[PDB]
Amino acid sequence: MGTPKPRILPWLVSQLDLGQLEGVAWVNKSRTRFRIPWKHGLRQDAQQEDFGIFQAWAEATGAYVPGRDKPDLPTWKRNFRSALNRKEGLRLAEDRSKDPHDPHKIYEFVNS
Amino acid sequence: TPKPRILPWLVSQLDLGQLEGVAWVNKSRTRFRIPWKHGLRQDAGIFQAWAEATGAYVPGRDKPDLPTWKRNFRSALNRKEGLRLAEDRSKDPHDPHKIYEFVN
Amino acid sequence: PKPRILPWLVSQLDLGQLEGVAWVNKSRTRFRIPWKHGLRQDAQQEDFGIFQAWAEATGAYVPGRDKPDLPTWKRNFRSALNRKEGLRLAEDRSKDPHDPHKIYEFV
Amino acid sequence: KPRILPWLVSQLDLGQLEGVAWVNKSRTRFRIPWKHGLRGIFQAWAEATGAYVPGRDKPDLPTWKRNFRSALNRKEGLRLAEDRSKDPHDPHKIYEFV
DNA sequence: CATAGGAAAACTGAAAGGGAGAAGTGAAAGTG
DNA sequence: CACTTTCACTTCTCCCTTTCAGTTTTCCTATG
């Protein structure tokens with residue numbers, strides 16, 4: 001099925017409802033707020049799949065093909081943040097990215 | 001009954017005021033505005049009504065086609081001596097419209 | 001009706017009235033266009049020279065009727081060249097610190 | 001929002017920051033005092049950008065020094081010409097516009 | 001212990017930059 | 001006539017990405 005580029009919010013809601021990425025989850029019964037893992041790239045404990053969502057999105061649009069392009073976790077993170085930053089209907093609700101243990105951010109759908 | 005002519009039909013729809021944003025724009029009623037929102041806009045007239053008046057569109061029978069309604073309306077108006085396009089505000093993000101004037 | 005952008009361009013290159021808008025070969029088929037990034041702290045009106053000249057040619061921009069919108073000028077100049085048979089972008093140096101420009105060729 | 005280098009030439013030409021000076025004639029070389037403060041042009045910068053508002057914020061002179069050294073670090077056409085931050089007497093560093 | 005200092009590189013918001021491609025246009029052929 | 005469609009273009013909206021110009025974090029060693 002000749003897919004059009006998915007749009008970031010519809011796509012991401014998928015990822016939330018389906019729960020297949022570790023630490024990317026709805027955080028409440030009403031499915032209104034959600035968490036995103038958000039570890040800093042200079043951290044020594046950091047890997048690839050630390051930040052799956054950023055990579056996942058770079059791949060959902062065709063921007064990064066594993067093995068064709070050089071991996072660039074900084075660029076993925078910044079594209080994702082950037083895309084969501086433009087979205088009426090969405091806000092950054094809680095920045096816990098400097099946490100030494102479960103660094104993440106919480107976002108919240110806001111009804112128009 | 002026969003086909004309406006665009007100019008008297010147009011005048012009649014401006015008079016009746018049943019179409020939102022379609023209105024005389026001065027006191028002497030020789031200038032007027034037509035809503036002119038660009039079709040690629042999510043939030044997306046008289047264009048349709050003229051398609052309905054002329055038999056070019058029947059709801060049910062036809063697939064809607066705002067682009068062709070707008071194009072036909074515009075080209076029909078371009079031809080008319082005695083009517084000029086006075087102002088193009090079709091890009092404005094709040095009330096995209098154009099302003100015509102009956103002249104002679 | 002709107003001018004076509006490619007004949008207007010040759011005309012503009014020949015007149016040679018815009019800084020860094022030039023033929024860069026003898027046969028006049030290769031030309032350069034300045035392309036500095038708007039966000040650069042040394043940017044102004046004539047950093048968008050052919051872009052404005054083009055918005056004025058098509059009547060989009062009337063200095064005094066309209067407010068400058070250089071991203072839109074640049075947007076529409078680039079869009080008008082965007083997939084044009086007969087022109088290709090030979091070289092993107094819009095990123096150069098020194099003289100950001102792009103090189104285009106007639107094909 | 002002020003740009004660091006135009007801003008810095010403007011602090012140097014104005015000469016009203018203790019120990020921050022043109023050290024040259026062609027005005028292309030300059031000093032900035034660099035004491036290991038462990039018991040100001042760095043705060044000047046932090047206030048100029050809104051990073052620090054005295055009263056709203058906890059004073060943080062190491063961060064201010066950090067942000068200021070890191071900004072200058074990124075500018076092409078500025079060079080650290082002499083590091084005398086480890087001189088016992090007048091701890092300072094010398095930069096040079098190139 | 002404690003904090004301050006460094007360079008390198010990751011990070012950030014705001015705004016410019018980009019591309020795809022549907023829809024926009026006037027002039028003039030076409031339609032009955 | 002009296003519009004409607006075709007042709008040969010340009011440009012606009014959607015919907016993100018990337019640059020700009022610093023700013024922070026990391027992971028350390030030095031200093032107090």
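Protein chains get the first letters and strands the later ones, always in sequence-line order, with residue 1 at the start of each. Hydrogens, waters and symmetry mates are skipped; everything else that's a heavy atom, side chains included, is used.
Between C:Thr58 and C:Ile5 there is no side-chain heavy-atom pair separated by less than 4.5 Å. Annotation: side chain of A:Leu92 is not in contact with side chain of A:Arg81 (no heavy-atom distance under 4.5 Å). For the pair A:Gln55/A:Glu49, a side-chain contact is recorded, criterion being any heavy-atom separation below 4.5 Å from C-beta on. Side-chain contact between A:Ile53 and A:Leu12 is present, with at least one heavy-atom pair separated by less than 4.5 Å. Counting heavy atoms from C-beta on, the side chains of A:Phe54 and A:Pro37 never come closer than 4.5 Å. B:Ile99 places a side-chain heavy atom less than 4.5 Å from the side chain of B:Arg31. Between A:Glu88 and A:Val110 the shortest side-chain heavy-atom distance does not fall below 4.5 Å. The closest side-chain heavy-atom distance from C:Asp14 to C:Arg28 is below 4.5 Å.
A:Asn28 and A:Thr32 share no side-chain donor-acceptor pair at under 3.5 Å.
Taken to the nearest 0.5 Å, the CD1 atom of B:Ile46 stands 5.0 Å off from the CZ atom of B:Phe73. Going from atom OH of C:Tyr104 over to atom CG of C:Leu13 covers 12.5 Å, rounded to the nearest 0.5 Å. Going from atom CG of B:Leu19 over to atom CD1 of B:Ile34 covers 8.5 Å, rounded to the nearest 0.5 Å. Atoms OG1 and NZ, from D:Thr63 and D:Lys65 in turn, are 12.0 Å apart once rounded to the nearest 0.5 Å. Rounding to the nearest 0.5 Å gives a distance of 11.5 Å between NZ of B:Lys80 and CG of B:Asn78. Atom CD1 of D:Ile41 is separated from atom CD of D:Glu18 by 13.5 Å, given to the nearest 0.5 angstrom.
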Q. Does the ring pair (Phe, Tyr, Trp, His ring centres under 6.0 Å) test come out yes or no for A:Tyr64 and A:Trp76, once each step is laid out?
A. CA-CA 9 Å; A:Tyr64 167 67; A:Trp76 307 342; 4.5 Å; yes
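Counting all heavy atoms, side chain and backbone alike, B:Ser90 lies closest to B:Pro96 at O-CB, 3.2 Å. In this structure, A:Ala60 and A:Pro6 approach most closely via the heavy-atom pair O-CD, 3.4 Å. Across D:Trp7 and D:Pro2, no two heavy atoms sit closer than the pair CD1-CB, 4.0 Å.
The aromatic rings of B:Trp36 and B:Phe47 sit perpendicular to each other, their planes meeting at more than 60°, with 30° as the lower class boundary. Between D:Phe30 and D:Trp22, the ring planes lie perpendicular to each other; the angle is over 60°, past the 30° to 60° tilted range.
Not one N or O on the side chain of B:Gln18 forms a donor-acceptor pair closer than 3.5 Å with the backbone of B:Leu16. Side-chain atoms of D:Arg3 come within 3.5 Å of backbone atoms of D:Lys1 as a donor-acceptor pair (strictly under, hydrogens ignored).
Counting non-hydrogen atoms of other residues, nucleotides and ligands closer than 6.0 Å to CD of A:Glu59 gives a total above 12.
The existence of a salt bridge linking B:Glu101 and B:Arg84 is excluded, since no basic side-chain nitrogen approaches an acidic carboxylate oxygen closer than 4.0 Å. In this structure, D:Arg31 pairs ionically with D:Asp90, as a charged nitrogen and a carboxylate oxygen lie closer than 4.0 Å. Contact check on B:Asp92 versus B:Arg89 returns no salt bridge, with no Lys/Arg side-chain nitrogen under 4.0 Å from an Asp/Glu carboxylate oxygen. In summary, C:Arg75 and C:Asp69 do not engage in a salt bridge, as defined by a charged side-chain N under 4.0 Å from a carboxylate O.
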